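S.K.: Here you go, this is final.csv (CSV, C-alpha atoms).
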```csv
chain,number,residue,atom,x,y,z
A,22,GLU,CA,198.5,69.8,-227.7
A,23,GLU,CA,196.2,67.1,-229.1
A,24,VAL,CA,194.1,67.7,-225.9
A,25,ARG,CA,191.6,69.2,-228.4
A,26,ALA,CA,190.7,65.6,-229.0
A,27,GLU,CA,189.4,64.7,-225.6
A,28,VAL,CA,187.2,67.8,-225.7
A,29,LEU,CA,185.8,67.0,-229.2
A,30,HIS,CA,185.2,63.5,-228.1
A,31,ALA,CA,183.2,64.5,-225.1
A,32,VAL,CA,181.2,67.1,-227.1
A,33,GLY,CA,180.5,64.6,-229.8
A,34,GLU,CA,179.0,62.1,-227.3
A,35,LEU,CA,176.9,64.8,-225.7
A,36,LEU,CA,175.6,66.1,-229.0
A,37,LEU,CA,174.6,62.7,-230.3
A,38,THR,CA,172.8,61.8,-227.1
A,39,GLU,CA,171.1,65.0,-226.2
A,40,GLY,CA,171.6,67.8,-228.8
A,41,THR,CA,172.9,71.2,-228.0
A,42,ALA,CA,170.4,72.5,-225.4
A,43,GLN,CA,172.6,71.7,-222.5
A,44,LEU,CA,176.0,72.1,-224.1
A,45,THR,CA,177.8,74.5,-221.8
A,46,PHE,CA,181.5,75.4,-221.5
A,47,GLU,CA,181.2,74.7,-217.8
A,48,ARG,CA,179.9,71.1,-218.2
A,49,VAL,CA,182.3,70.4,-221.1
A,50,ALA,CA,185.1,71.7,-218.9
A,51,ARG,CA,184.3,69.0,-216.3
A,52,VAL,CA,183.3,65.9,-218.2
A,53,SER,CA,186.6,66.2,-220.0
A,54,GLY,CA,189.6,68.1,-218.7
A,55,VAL,CA,190.0,71.8,-217.9
A,56,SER,CA,188.3,75.1,-219.1
A,57,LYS,CA,190.9,77.6,-217.9
A,58,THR,CA,190.1,80.1,-220.7
A,59,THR,CA,191.3,77.3,-223.0
A,60,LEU,CA,187.9,76.3,-224.5
A,61,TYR,CA,187.4,80.1,-225.0
A,62,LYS,CA,190.7,80.4,-226.9
A,63,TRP,CA,190.0,77.4,-229.1
A,64,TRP,CA,186.2,77.9,-229.4
A,65,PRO,CA,184.9,81.5,-229.2
A,66,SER,CA,181.3,80.3,-228.9
A,67,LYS,CA,178.9,77.5,-228.1
A,68,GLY,CA,178.2,77.2,-231.8
A,69,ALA,CA,181.8,76.9,-232.7
A,70,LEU,CA,182.3,74.2,-230.1
A,71,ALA,CA,179.1,72.4,-231.3
A,72,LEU,CA,180.1,72.5,-235.0
A,73,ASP,CA,183.7,71.3,-234.4
A,74,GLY,CA,182.5,68.5,-232.1
A,75,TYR,CA,179.7,67.6,-234.5
A,76,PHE,CA,181.9,67.3,-237.6
A,77,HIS,CA,184.3,64.9,-235.9
A,78,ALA,CA,181.4,62.9,-234.4
A,79,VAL,CA,179.9,61.9,-237.8
A,80,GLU,CA,183.1,62.1,-239.9
A,81,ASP,CA,183.5,58.3,-240.2
A,82,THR,CA,179.8,57.4,-240.5
A,83,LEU,CA,179.6,59.9,-243.4
A,84,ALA,CA,182.8,59.0,-245.2
A,85,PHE,CA,182.3,58.2,-248.9
A,86,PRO,CA,182.7,54.6,-250.1
A,87,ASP,CA,184.7,54.0,-253.3
A,88,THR,CA,183.9,50.6,-254.7
A,89,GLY,CA,184.2,51.9,-258.2
A,90,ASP,CA,180.4,52.5,-258.7
A,91,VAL,CA,179.3,56.1,-258.2
A,92,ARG,CA,175.6,55.2,-258.2
A,93,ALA,CA,176.0,52.6,-255.5
A,94,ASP,CA,178.4,54.7,-253.4
A,95,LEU,CA,176.3,57.8,-253.6
A,96,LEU,CA,173.3,55.9,-252.6
A,97,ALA,CA,175.3,54.4,-249.7
A,98,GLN,CA,176.6,57.7,-248.5
A,99,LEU,CA,173.2,59.5,-248.9
A,100,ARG,CA,171.5,56.8,-246.9
A,101,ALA,CA,174.0,57.1,-244.1
A,102,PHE,CA,173.5,60.8,-244.3
A,103,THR,CA,169.7,60.6,-244.0
A,104,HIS,CA,170.0,58.2,-241.1
A,105,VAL,CA,172.2,60.7,-239.2
A,106,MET,CA,169.9,63.7,-240.2
A,107,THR,CA,166.6,61.9,-239.4
A,108,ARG,CA,167.4,59.3,-236.7
A,109,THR,CA,170.0,61.1,-234.5
A,110,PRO,CA,170.0,64.7,-233.2
A,111,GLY,CA,172.2,65.7,-236.1
A,112,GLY,CA,169.3,67.1,-238.1
A,113,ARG,CA,168.0,69.2,-235.3
A,114,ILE,CA,171.5,70.3,-234.5
A,115,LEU,CA,172.4,71.5,-238.0
A,116,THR,CA,169.0,73.1,-238.8
A,117,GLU,CA,169.1,75.2,-235.6
A,118,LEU,CA,172.7,76.3,-236.2
A,119,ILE,CA,171.9,77.0,-239.9
A,120,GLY,CA,168.9,79.0,-238.7
A,121,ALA,CA,170.8,81.1,-236.2
A,122,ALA,CA,173.6,81.7,-238.7
A,123,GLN,CA,171.1,83.7,-240.8
A,124,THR,CA,171.5,86.6,-238.4
A,125,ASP,CA,174.9,85.9,-236.8
A,126,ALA,CA,177.8,86.4,-239.2
A,127,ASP,CA,180.5,84.8,-237.0
A,128,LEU,CA,178.4,81.7,-236.6
A,129,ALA,CA,177.9,81.6,-240.3
A,130,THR,CA,181.6,81.7,-240.9
A,131,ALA,CA,182.2,79.1,-238.2
A,132,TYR,CA,179.6,76.8,-239.8
A,133,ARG,CA,181.4,76.9,-243.1
A,134,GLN,CA,184.9,76.6,-241.6
A,135,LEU,CA,184.2,73.9,-239.1
A,136,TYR,CA,181.6,71.9,-241.0
A,137,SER,CA,180.1,72.7,-244.4
A,138,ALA,CA,183.2,73.6,-246.5
A,139,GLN,CA,184.9,70.3,-245.5
A,140,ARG,CA,181.7,68.1,-246.1
A,141,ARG,CA,181.3,69.7,-249.6
A,142,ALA,CA,185.0,69.1,-250.4
A,143,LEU,CA,184.5,65.4,-249.3
A,144,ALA,CA,181.5,65.0,-251.6
A,145,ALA,CA,183.1,66.9,-254.5
A,146,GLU,CA,186.2,64.7,-254.2
A,147,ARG,CA,184.3,61.4,-254.5
A,148,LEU,CA,182.4,63.0,-257.4
A,149,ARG,CA,185.6,64.1,-259.2
A,150,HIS,CA,186.9,60.5,-259.0
A,151,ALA,CA,183.7,59.3,-260.8
A,152,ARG,CA,184.1,62.1,-263.3
A,153,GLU,CA,187.7,60.8,-263.9
A,154,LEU,CA,186.6,57.2,-264.6
A,155,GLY,CA,184.2,58.8,-267.1
A,156,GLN,CA,181.2,57.8,-265.0
A,157,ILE,CA,180.1,61.4,-264.9
A,158,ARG,CA,180.2,63.8,-267.9
A,159,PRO,CA,183.5,65.8,-268.2
A,160,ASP,CA,181.7,69.2,-268.3
A,161,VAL,CA,179.6,68.6,-265.2
A,162,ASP,CA,180.3,70.9,-262.2
A,163,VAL,CA,180.5,68.6,-259.2
A,164,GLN,CA,179.8,71.5,-256.8
A,165,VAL,CA,176.4,71.9,-258.4
A,166,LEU,CA,175.7,68.2,-257.8
A,167,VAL,CA,176.4,68.6,-254.1
A,168,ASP,CA,173.5,71.1,-253.9
A,169,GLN,CA,171.2,68.9,-256.0
A,170,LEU,CA,171.9,65.9,-253.7
A,171,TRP,CA,172.7,66.8,-250.1
A,172,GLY,CA,171.3,70.3,-250.6
A,173,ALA,CA,167.9,68.9,-251.6
A,174,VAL,CA,167.9,66.8,-248.4
A,175,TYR,CA,168.8,69.9,-246.3
A,176,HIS,CA,166.0,71.8,-248.0
A,177,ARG,CA,163.3,69.3,-247.0
A,178,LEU,CA,164.7,69.2,-243.5
A,179,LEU,CA,164.7,73.0,-243.2
A,180,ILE,CA,161.3,73.4,-244.8
A,181,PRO,CA,159.4,70.1,-244.1
A,182,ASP,CA,156.5,70.4,-246.6
A,183,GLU,CA,157.6,66.9,-247.8
A,184,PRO,CA,159.1,63.9,-246.0
A,185,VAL,CA,162.7,62.8,-246.2
A,186,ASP,CA,162.4,59.0,-246.8
A,187,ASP,CA,164.4,56.4,-248.7
A,188,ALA,CA,162.2,56.8,-251.8
A,189,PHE,CA,163.3,60.5,-251.8
A,190,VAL,CA,167.0,59.7,-251.4
A,191,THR,CA,166.9,57.1,-254.2
A,192,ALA,CA,165.0,59.4,-256.7
A,193,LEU,CA,167.6,62.2,-255.9
A,194,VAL,CA,170.4,60.0,-257.3
A,195,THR,CA,168.5,58.3,-260.1
A,196,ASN,CA,167.0,61.6,-261.4
A,197,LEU,CA,170.5,63.1,-261.6
A,198,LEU,CA,172.4,60.2,-263.0
A,199,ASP,CA,169.8,59.1,-265.6
A,200,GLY,CA,168.1,62.5,-266.1
A,201,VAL,CA,164.4,63.1,-266.0
A,202,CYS,CA,163.7,63.5,-269.8
A,203,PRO,CA,162.9,60.8,-272.3
B,17,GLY,CA,131.3,88.5,-248.3
B,18,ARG,CA,134.3,88.2,-250.6
B,19,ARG,CA,134.2,91.2,-252.9
B,20,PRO,CA,134.6,94.6,-251.2
B,21,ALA,CA,136.1,92.6,-248.4
B,22,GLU,CA,138.6,90.8,-250.8
B,23,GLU,CA,139.4,94.2,-252.4
B,24,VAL,CA,140.3,95.5,-248.9
B,25,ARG,CA,142.4,92.5,-248.2
B,26,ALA,CA,144.3,93.0,-251.5
B,27,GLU,CA,145.0,96.7,-250.7
B,28,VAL,CA,146.4,95.7,-247.3
B,29,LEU,CA,148.5,92.9,-248.7
B,30,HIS,CA,149.8,95.4,-251.3
B,31,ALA,CA,150.7,97.8,-248.5
B,32,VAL,CA,152.4,95.0,-246.7
B,33,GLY,CA,154.5,93.9,-249.7
B,34,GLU,CA,155.6,97.5,-250.4
B,35,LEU,CA,156.7,98.1,-246.8
B,36,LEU,CA,158.3,94.7,-246.4
B,37,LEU,CA,160.3,94.9,-249.6
B,38,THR,CA,161.6,98.5,-249.0
B,39,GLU,CA,162.1,98.5,-245.2
B,40,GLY,CA,162.4,94.8,-244.2
B,41,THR,CA,160.6,92.5,-241.8
B,42,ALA,CA,161.7,94.2,-238.5
B,43,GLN,CA,160.0,97.4,-239.8
B,44,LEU,CA,156.7,95.7,-240.5
B,45,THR,CA,154.1,96.4,-237.8
B,46,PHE,CA,150.3,96.1,-237.7
B,47,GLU,CA,150.1,99.7,-236.6
B,48,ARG,CA,152.2,100.7,-239.6
B,49,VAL,CA,150.1,98.7,-242.0
B,50,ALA,CA,146.8,100.0,-240.5
B,51,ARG,CA,148.0,103.6,-240.9
B,52,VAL,CA,149.3,103.2,-244.4
B,53,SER,CA,146.2,101.3,-245.7
B,54,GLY,CA,143.5,103.1,-243.7
B,55,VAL,CA,142.1,99.8,-242.5
B,56,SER,CA,141.8,99.3,-238.7
B,57,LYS,CA,144.1,97.0,-236.8
B,58,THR,CA,141.0,95.1,-235.6
B,59,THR,CA,140.4,93.9,-239.1
B,60,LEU,CA,144.1,93.2,-239.6
B,61,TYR,CA,144.3,91.0,-236.5
B,62,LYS,CA,141.4,89.0,-237.8
B,63,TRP,CA,143.0,88.2,-241.1
B,64,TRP,CA,146.6,87.8,-239.8
B,65,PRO,CA,146.9,86.3,-236.3
B,66,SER,CA,150.6,87.3,-236.2
B,67,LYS,CA,153.4,89.4,-237.5
B,68,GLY,CA,154.8,86.3,-239.1
B,69,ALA,CA,151.6,85.5,-241.0
B,70,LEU,CA,151.3,89.2,-242.0
B,71,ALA,CA,154.8,89.3,-243.5
B,72,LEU,CA,154.6,85.9,-245.2
B,73,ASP,CA,151.2,86.5,-246.9
B,74,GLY,CA,152.3,89.9,-248.0
B,75,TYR,CA,155.6,88.5,-249.3
B,76,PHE,CA,153.9,85.7,-251.3
B,77,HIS,CA,151.6,88.2,-253.0
B,78,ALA,CA,154.4,90.7,-253.7
B,79,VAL,CA,156.5,88.1,-255.7
B,80,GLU,CA,153.7,86.1,-257.2
B,81,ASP,CA,153.6,87.7,-260.6
B,82,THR,CA,157.4,87.8,-260.9
B,83,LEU,CA,157.8,84.1,-259.9
B,84,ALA,CA,154.8,82.8,-261.9
B,85,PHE,CA,155.6,79.9,-264.3
B,86,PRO,CA,155.7,80.4,-268.0
B,87,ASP,CA,153.8,77.6,-269.7
B,88,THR,CA,154.9,77.9,-273.4
B,89,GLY,CA,155.3,74.1,-274.0
B,90,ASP,CA,159.1,74.1,-273.6
B,91,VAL,CA,159.9,72.9,-270.0
B,92,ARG,CA,163.6,73.7,-270.4
B,93,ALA,CA,163.1,77.3,-271.5
B,94,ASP,CA,160.3,77.9,-269.0
B,95,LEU,CA,162.2,76.4,-266.1
B,96,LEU,CA,165.3,78.5,-266.9
B,97,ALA,CA,163.2,81.6,-267.2
B,98,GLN,CA,161.5,81.0,-263.8
B,99,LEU,CA,164.7,80.0,-262.0
B,100,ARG,CA,166.4,83.2,-263.3
B,101,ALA,CA,163.5,85.4,-262.1
B,102,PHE,CA,163.7,83.5,-258.8
B,103,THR,CA,167.5,84.0,-258.6
B,104,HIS,CA,167.1,87.7,-259.3
B,105,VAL,CA,164.6,88.1,-256.5
B,106,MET,CA,166.7,86.1,-254.0
B,107,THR,CA,170.1,87.8,-254.8
B,108,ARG,CA,169.4,91.3,-256.2
B,109,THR,CA,166.4,92.1,-254.1
B,110,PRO,CA,165.7,92.6,-250.3
B,111,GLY,CA,163.4,89.6,-250.8
B,112,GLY,CA,166.3,87.1,-250.6
B,113,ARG,CA,167.3,88.2,-247.1
B,114,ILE,CA,163.7,88.6,-246.0
B,115,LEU,CA,162.9,85.0,-246.8
B,116,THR,CA,166.2,83.4,-245.6
B,117,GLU,CA,165.8,85.2,-242.3
B,118,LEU,CA,162.3,83.9,-241.9
B,119,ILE,CA,163.4,80.4,-242.7
B,120,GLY,CA,166.1,80.9,-240.1
B,121,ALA,CA,163.7,82.0,-237.4
B,122,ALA,CA,161.3,79.2,-238.2
B,123,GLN,CA,163.9,76.7,-237.1
B,124,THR,CA,163.2,77.5,-233.5
B,125,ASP,CA,159.6,78.9,-233.7
B,126,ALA,CA,157.1,76.1,-234.4
B,127,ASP,CA,154.3,78.6,-235.1
B,128,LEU,CA,156.3,80.6,-237.6
B,129,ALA,CA,157.4,77.4,-239.3
B,130,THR,CA,153.8,76.4,-239.7
B,131,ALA,CA,152.9,79.8,-241.2
B,132,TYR,CA,155.9,79.7,-243.5
B,133,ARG,CA,154.5,76.5,-245.1
B,134,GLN,CA,150.8,77.5,-245.1
B,135,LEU,CA,151.3,81.0,-246.5
B,136,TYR,CA,154.4,80.6,-248.7
B,137,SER,CA,156.3,77.3,-249.4
B,138,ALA,CA,153.4,74.9,-249.7
B,139,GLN,CA,151.8,77.1,-252.4
B,140,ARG,CA,155.2,77.8,-254.2
B,141,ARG,CA,155.7,74.1,-254.3
B,142,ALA,CA,152.3,73.3,-255.7
B,143,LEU,CA,152.9,76.0,-258.4
B,144,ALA,CA,156.2,74.4,-259.3
B,145,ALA,CA,154.9,70.8,-259.2
B,146,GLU,CA,152.0,71.8,-261.3
B,147,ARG,CA,154.2,73.2,-264.1
B,148,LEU,CA,156.4,70.0,-263.8
B,149,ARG,CA,153.4,67.7,-264.0
B,150,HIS,CA,152.2,69.5,-267.1
B,151,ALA,CA,155.5,68.9,-268.8
B,152,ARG,CA,155.2,65.2,-267.7
B,153,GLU,CA,151.7,65.0,-269.2
B,154,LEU,CA,153.0,66.4,-272.5
B,155,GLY,CA,155.8,63.8,-272.4
B,156,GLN,CA,158.7,66.1,-271.7
B,157,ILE,CA,159.5,64.4,-268.4
B,158,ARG,CA,159.5,60.7,-267.9
B,159,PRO,CA,156.1,59.5,-266.6
B,160,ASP,CA,157.7,57.7,-263.6
B,161,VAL,CA,159.4,60.8,-262.2
B,162,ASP,CA,158.2,62.3,-258.9
B,163,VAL,CA,157.9,66.0,-259.5
B,164,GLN,CA,158.1,66.9,-255.8
B,165,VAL,CA,161.7,65.5,-255.8
B,166,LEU,CA,162.6,67.8,-258.7
B,167,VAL,CA,161.3,70.8,-256.7
B,168,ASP,CA,164.1,70.1,-254.1
B,169,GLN,CA,166.7,69.6,-256.8
B,170,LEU,CA,166.0,72.9,-258.4
B,171,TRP,CA,164.7,75.6,-256.0
B,172,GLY,CA,165.8,73.6,-252.9
B,173,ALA,CA,169.4,73.5,-254.3
B,174,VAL,CA,169.3,77.3,-254.7
B,175,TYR,CA,167.8,77.8,-251.1
B,176,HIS,CA,170.6,75.6,-249.8
B,177,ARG,CA,173.4,77.5,-251.5
B,178,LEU,CA,171.7,80.7,-250.3
B,179,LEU,CA,171.3,79.6,-246.6
B,180,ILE,CA,174.9,78.5,-246.5
B,181,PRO,CA,177.0,80.3,-249.1
B,182,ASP,CA,180.0,78.1,-249.6
B,183,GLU,CA,179.5,78.6,-253.3
B,184,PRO,CA,178.0,81.5,-255.4
B,185,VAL,CA,174.5,81.6,-256.7
B,186,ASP,CA,174.8,82.8,-260.3
B,187,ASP,CA,173.4,82.2,-263.8
B,188,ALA,CA,175.9,79.4,-264.4
B,189,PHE,CA,174.7,77.7,-261.3
B,190,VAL,CA,171.1,78.1,-262.3
B,191,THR,CA,171.7,76.9,-265.9
B,192,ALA,CA,173.6,73.8,-264.6
B,193,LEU,CA,170.8,72.9,-262.2
B,194,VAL,CA,168.4,72.5,-265.1
B,195,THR,CA,170.7,70.8,-267.6
B,196,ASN,CA,172.0,68.3,-265.1
B,197,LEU,CA,168.5,67.2,-264.3
B,198,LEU,CA,167.0,67.3,-267.7
B,199,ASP,CA,170.0,65.8,-269.5
B,200,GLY,CA,171.4,63.7,-266.7
B,201,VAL,CA,175.1,63.7,-265.6
B,202,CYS,CA,176.2,60.4,-267.0
B,203,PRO,CA,177.8,59.9,-270.4
B,204,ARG,CA,175.4,59.2,-273.2
```
Kindly return the structure encoded in the file as structure tokens.
M.R.:
Amino acid sequence: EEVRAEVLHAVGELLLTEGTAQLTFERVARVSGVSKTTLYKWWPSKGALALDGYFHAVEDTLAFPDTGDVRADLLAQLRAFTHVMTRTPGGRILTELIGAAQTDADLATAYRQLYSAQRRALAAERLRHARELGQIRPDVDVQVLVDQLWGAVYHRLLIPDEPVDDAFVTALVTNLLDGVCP
Amino acid sequence: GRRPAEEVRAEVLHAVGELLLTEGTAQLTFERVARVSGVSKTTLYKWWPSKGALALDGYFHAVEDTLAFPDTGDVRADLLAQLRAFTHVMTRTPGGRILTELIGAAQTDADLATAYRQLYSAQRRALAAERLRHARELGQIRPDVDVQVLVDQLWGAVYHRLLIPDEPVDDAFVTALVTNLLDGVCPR
């Protein structure tokens, strides 16, 4: 049934208020409905459950605006993205998961299937619409842009040699849209 | 001192890089390095307080020459040449896996994360930012551009696609990273 909803909802609230440290099947099984091998059938791991619950928890906050101006909408989405990544547990949640995935193939697969593939598709989609209105050159690969935008933020988060601030986010978009050469 | 002592440090670092790149990080041990180099563990422990620091320092010096920045006066050509050597190292060498797994472990090991920056990433960044600032000083990059941001939009973009492979890391990807940035992605 759609009972998968109540679970995701519970997991989402937990993740956004305290991270994954105490995210257990037992606890989730109570706060919501029933475990009964269910959670295990739907979600084979703690990471799977975390990823699924996380995706749906930030889905709306991270949705792309479409007011006709790619610059403004990209800035808007990236700023909502950086707020989630730097002001809520979202950043710590994803970096830990990304970290663990480097030596756990199933978790890596789950990360892409329950979170990253969809996020990238959502970004590429908004980018394609701009590319249609001729706001982005016809020969530009939108998937590359995703890595040069959100990817860049992920990078500073994973390897914090430099801070993720609004100036950073704004330069990301401006450098790309206007180019860095004279 | 810093001569016969630095020579010794270099030999050890060379041994570390050789072992690390052929056998992987799990195989790297102080006992193994000491045996292979002929230098006592006592000395090793003094220079590298941990296995993490040992691996990172050896790794940085093993790829240094290969990842050095050409400085021919053509930022586009030099950037493409460096990103391609970088891509080769990260995808066609054990180096890619070695580094990504250290980045992964660093996510839950504060000390390793600190060593990763001090012995590898901070210096890689400075090397890249330096090449970029040079291009800016020569006028090939707008003077109001923050080169540190560019670092994340080039190498950072590669690391990202490498850490989470939803898309492939090939030459087309590499070339697009540079053209998008240098030429911009908006018409005209």
S.K.: Write out as a list in words which residues come within 9 Å of residue 89 in chain A when counting only C-alpha atoms, dropping same-chain ones fewer than 3 positions away.
M.R.: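 Listing them by chain and then by number gives residues 86, 93, 94, 151 and 154 of chain A.
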S.K.: Quick one: of B:191, B:58, B:116, B:107, who's nearest to chain A, counting all atoms listed in the file?
M.R.: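 Once distances to chain A are computed over all atoms listed in the file, the minimum belongs to B:116.
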S.K.: Using all atoms listed in the file, find each residue of chain B with at least one atom at most 9 Å away from an atom of chain A; report its shortest atom-to-atom pair and that distance in Å (one decimal), sort the rows by chain and rising residue number, and return the result as CSV.
M.R.:
```
residue,atom,partner,partner_atom,distance
B:113,CA,A:123,CA,8.6
B:116,CA,A:123,CA,6.9
B:117,CA,A:123,CA,5.7
B:118,CA,A:120,CA,8.8
B:119,CA,A:120,CA,6.9
B:120,CA,A:120,CA,3.7
B:121,CA,A:120,CA,6.1
B:122,CA,A:120,CA,7.6
B:123,CA,A:117,CA,5.6
B:124,CA,A:117,CA,6.7
B:129,CA,A:180,CA,7.8
B:132,CA,A:180,CA,8.4
B:133,CA,A:182,CA,6.6
B:137,CA,A:182,CA,7.4
B:138,CA,A:182,CA,6.3
B:141,CA,A:182,CA,8.6
B:152,CA,A:202,CA,8.9
B:155,CA,A:203,CA,7.7
B:156,CA,A:202,CA,5.9
B:157,CA,A:202,CA,4.5
B:158,CA,A:202,CA,5.4
B:159,CA,A:203,CA,9.0
B:160,CA,A:201,CA,8.9
B:161,CA,A:201,CA,6.7
B:162,CA,A:192,CA,7.7
B:164,CA,A:183,CA,8.0
B:165,CA,A:189,CA,6.6
B:166,CA,A:193,CA,8.0
B:167,CA,A:173,CA,8.6
B:168,CA,A:173,CA,4.7
B:169,CA,A:169,CA,4.6
B:170,CA,A:169,CA,7.0
B:171,CA,A:173,CA,8.6
B:172,CA,A:176,CA,5.2
B:173,CA,A:168,CA,4.8
B:174,CA,A:168,CA,7.5
B:175,CA,A:176,CA,7.0
B:176,CA,A:172,CA,5.4
B:177,CA,A:168,CA,6.8
B:179,CA,A:123,CA,7.1
B:180,CA,A:119,CA,7.4
B:181,CA,A:133,CA,8.2
B:182,CA,A:138,CA,6.3
B:183,CA,A:164,CA,7.9
B:189,CA,A:165,CA,6.7
B:192,CA,A:165,CA,7.1
B:193,CA,A:165,CA,6.8
B:195,CA,A:200,CA,8.8
B:196,CA,A:197,CA,6.4
B:197,CA,A:200,CA,5.0
B:198,CA,A:200,CA,5.2
B:199,CA,A:200,CA,5.1
B:200,CA,A:200,CA,3.6
B:201,CA,A:198,CA,5.1
B:202,CA,A:157,CA,4.5
B:203,CA,A:158,CA,5.2
B:204,CA,A:158,CA,8.5
```
S.K.: Near residue 46 in chain A, within 9 Å and counting only C-alpha atoms, which residues show up once chain neighbours fewer than 6 positions away are dropped, as a PyMOL selection string?
M.R.: chain A and resi 56+60-61+66-67+70
S.K.: Report, in Å with one decimal, the straight-line distance from CA of residue 110 in chain A to CA of residue 53 in chain A.
M.R.: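 Between CA of residue 110 in chain A and CA of residue 53 in chain A the gap works out to 21.3 Å.
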S.K.: Considering all atoms listed in the file, return as a list in words whatever protein or nucleic-acid residues lie within 12 Å of residue 89 in chain B, sequence-local ones (same chain, fewer than 2 positions apart) excluded.
M.R.: residues 85, 86, 87, 91, 92, 93, 94, 95, 147, 148, 150, 151, 152, 153, 154, 155, 156 and 157 of chain B
S.K.: Let me make sure I understand: among B:25, B:81, B:185, B:52, which one has the smallest atom-to-atom distance to residue 100 in chain B if we use only C-alpha atoms?
M.R.: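 Using only C-alpha atoms, the shortest distance to residue 100 in chain B belongs to B:185.
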S.K.: Env of residue 80 in chain A: 12 Å cut, atoms = only C-alpha atoms, seq-sep filter 5 positions within chain, self excluded. Answer as a PyMOL selection string.
M.R.: chain A and resi 33+72-75+85+98+101-102+105+135-137+139-140+143
S.K.: Which distance in Å separates CA of residue 29 in chain A and CA of residue 108 in chain A, to one decimal?
M.R.: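 Calculated distance between CA of residue 29 in chain A and CA of residue 108 in chain A is 21.3 Å.
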S.K.: Determine the nearest neighbour of residue 65 in chain A from the options A:44, A:38, A:114, A:127, counting all atoms listed in the file.
M.R.: A:127
S.K.: Compare B:24, B:144, B:178, B:35 by their minimum atom-to-atom distance to residue 112 in chain B, counting only C-alpha atoms, and give me the closest one.
M.R.: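 The shortest atom-to-atom distance to residue 112 in chain B comes from B:178.
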S.K.: Between CA of residue 108 in chain B and CA of residue 186 in chain B, what is the distance, to one decimal in Å?
M.R.: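 Computing the Euclidean distance for CA of residue 108 in chain B and CA of residue 186 in chain B yields 10.9 Å.
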S.K.: Any idea what's packed within 8 Å of residue 71 in chain A, counting all atoms listed in the file, ignoring anything in its chain fewer than 6 positions away? Could you give it as a PyMOL selection string?
M.R.: chain A and resi 32+36+41+44
S.K.: Pull the neighbourhood of (157.5, 89.8, -256.9) for me: all residues within 10 Å in file coordinates, counting only C-alpha atoms, as a list in words.
M.R.: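 I get residues 33, 37, 75, 76, 77, 78, 79, 80, 81, 82, 83, 84, 101, 102, 105, 109 and 111 of chain B for the residues within 10 Å of that point.
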